[PDB]
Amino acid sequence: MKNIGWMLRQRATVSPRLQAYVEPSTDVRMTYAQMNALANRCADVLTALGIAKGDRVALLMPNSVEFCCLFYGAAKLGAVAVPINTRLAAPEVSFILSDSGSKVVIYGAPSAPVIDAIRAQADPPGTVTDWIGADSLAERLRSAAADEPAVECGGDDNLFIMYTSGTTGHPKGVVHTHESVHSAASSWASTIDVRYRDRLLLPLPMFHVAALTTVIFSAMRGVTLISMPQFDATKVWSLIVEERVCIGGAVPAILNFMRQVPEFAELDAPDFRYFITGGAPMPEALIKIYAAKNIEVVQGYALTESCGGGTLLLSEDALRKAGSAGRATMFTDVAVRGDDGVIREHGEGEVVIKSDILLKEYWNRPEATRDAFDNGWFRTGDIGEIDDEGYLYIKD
């Protein structure tokens, strides 16, 4: 049985003195050994707040080491973290908290007004027994034990509930387990050219599935995570050069912008190797420009339902296969469901995925869960085409 929490501990056993989290803007540079110790302290605090195996703990906060150590500590307890977008209004949060039945909510100073609001009136989520702010978490951590929790859990046990649906009805909670997450981390770690002691920049919100699995596989491979809590495209390059960043994540929007800045002119970052792109496929031009700086780019297609895992278009095909979402990667297969209910590895129809990175179920959405699956394959809801050479092209 795999356990995301225990993996953090083994990483601290293998590379105790390796840098695990570096956040310049807040002067926080921690080691794996230390991050694990902080994770243990989070576990102790969580158990003290009545959190037990299966219970949900909501996280509404800025990217930080405490965010990470909180879900890691939750992982070691067999608890379930529910990371929330810090940009949505109080009524959407309340809904998520109520839907997930979160017992405890931990929030950062900048979202205190959303909590104080949900706290003040209406029909407040009745399951929440404790609302812990930044200073309070600080205090509790100070008197928390740092020993390893002893809880037999992992494998198929729930670990994360990530909400998504943007249309109407209501948001849907994607439940992920220790295994699906472990599997997603592994897929990225074995697919891309990522190596021990690499320094990877994480500019994306920790509540996004992509950022979560990045943190996880950073720990799996022994990568020093480089953070920028408040993304500032005017300072990115400096951070990248100062902390010797080898790998970075970004949306084609950002990248295109990042090469406008005067800094870009001729920056010297011999350590930076490539950007990992999500969302919309990179255009020829945008790729050629980065290629001129010996910086390559790889792009992928993934959903929250796929734990941020999926297809990947390797750098070498960046131009030859312009707008393609890539091909299968380690441990993840892709196919297309024909309008006749038949699943083919070539042709067109609805993109489907078969991989241990897939969610277990949508949180309390029986009907939704049944339709998403078709004999082991998950239905993405995206139409696409997989050509001869096996390259995927999304349509709508």
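Numbering starts at 1 and runs along the sequence shown.
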Response to the item:
Ranked by mean Cα B-factor in the entry, 168 to 176 and 95 to 103, top stretch is 168 to 176
Response to the item:
For 290 to 298 versus 80 to 88, entry-based mean Cα B-factors point to 290 to 298
Response to the item:
Looking only at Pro149, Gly155, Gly133, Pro283, the Cα with the top B-factor belongs to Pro283
Discussion item. Quiz for you: based on the deposited Cα B-factor, which of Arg273, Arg320, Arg197, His182 is highest?
Written reply: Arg320
Item to complete: Comparing against every modelled residue in the chain, figure out the third that the C-alpha B-factor of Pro203 lands in (lowest, middle or highest).
Response: highest
Fill in: Ranked against its chain, the third holding the CA B-factor of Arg244
middle
Response to the item:
Binned into thirds over the chain's modelled residues, the C-alpha B-factor of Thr127 lands in the middle
Worksheet item: Among the chain's modelled residues, which third holds the C-alpha B-factor of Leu18?
Response: middle
Response to the item:
Assert third(CA B-factor, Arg365) within chain per record equals middle
